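So the protein lines, in turn, are chains A and B. Counting from 1, position 49 in the first sequence corresponds to residue 45 in the working numbering; the numbering is continuous, with no gaps. Count along the second sequence from 1, add 387, and you get the number used in the working numbering. We treat Cβ as the ideally placed atom computed from N, Cα and C, and that holds for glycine. Right, one structure below, let's go through it.
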Amino acid sequence: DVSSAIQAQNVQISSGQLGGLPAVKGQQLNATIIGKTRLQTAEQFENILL
Amino acid sequence: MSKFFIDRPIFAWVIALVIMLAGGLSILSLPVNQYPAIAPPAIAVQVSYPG
Ligand SMILES: CCCCCCCCCCCCO[C@@H]1O[C@H](CO)[C@@H](O[C@H]2O[C@H](CO)[C@@H](O)[C@H](O)[C@H]2O)[C@H](O)[C@H]1O
């Protein structure tokens, strides 16, 4: 259960792109969207709901 | 030589003609290009970690 929890709770959000091609006429602002990386601290780990 | 070849100018010619013949037939199969390979070899590593 713990293994599975950590696997669902300590992942990278893959993240797309705002104004990705193909885009609609206009667009104007093209910027990458960065999501969350992964847990780093020992705490972040002690967290994670089981 | 020289003295040898001065009284043997056919022989003289023939050493010249062989050299020319050899070097001639070579011009027929040499690679041609602007410059020789004068650039440092580089090897490239690529991966994409998506997003
Ligand atoms: C980096 C690689 C290079 C490889 C290529 C090597 C080739 C070099 C060629 C040199 C050979 C020359 O050989 C040369 O023959 C002629 C023949 O007339 C001689 O010529 C003359 O020598 C003396 C000096 O006045 C006289 O006594 C003589 O009467 C006269 O004939 C030379 O004594 C000899 O030195």
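Counting only Cβ-Cβ distances below 9 angstroms, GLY12(A) has contacts in chain B at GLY438, in chain order. Under the DSSP definition of a beta bridge, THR28(A) partners with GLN13(A). Counted as a single uninterrupted DSSP element, the alpha helix (DSSP H) harbouring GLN40(A) occupies residues 38 to 42. In the structure shown, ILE2(A) falls within a helical segment according to DSSP collapsed to helix, strand and coil. Per DSSP, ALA399(B) is one residue of the alpha helix (DSSP H) stretching across 396 to 414.
Using a Cβ distance threshold of 8 angstroms, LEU45(A) and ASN26(A) do not count as a contacting pair.
At least one heavy atom of ligand 1 lies closer than 7 angstroms to the C-beta of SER389(B). Under the DSSP assignment, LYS390(B) falls in the alpha helix (DSSP H) whose first and last residues are 390 to 393.
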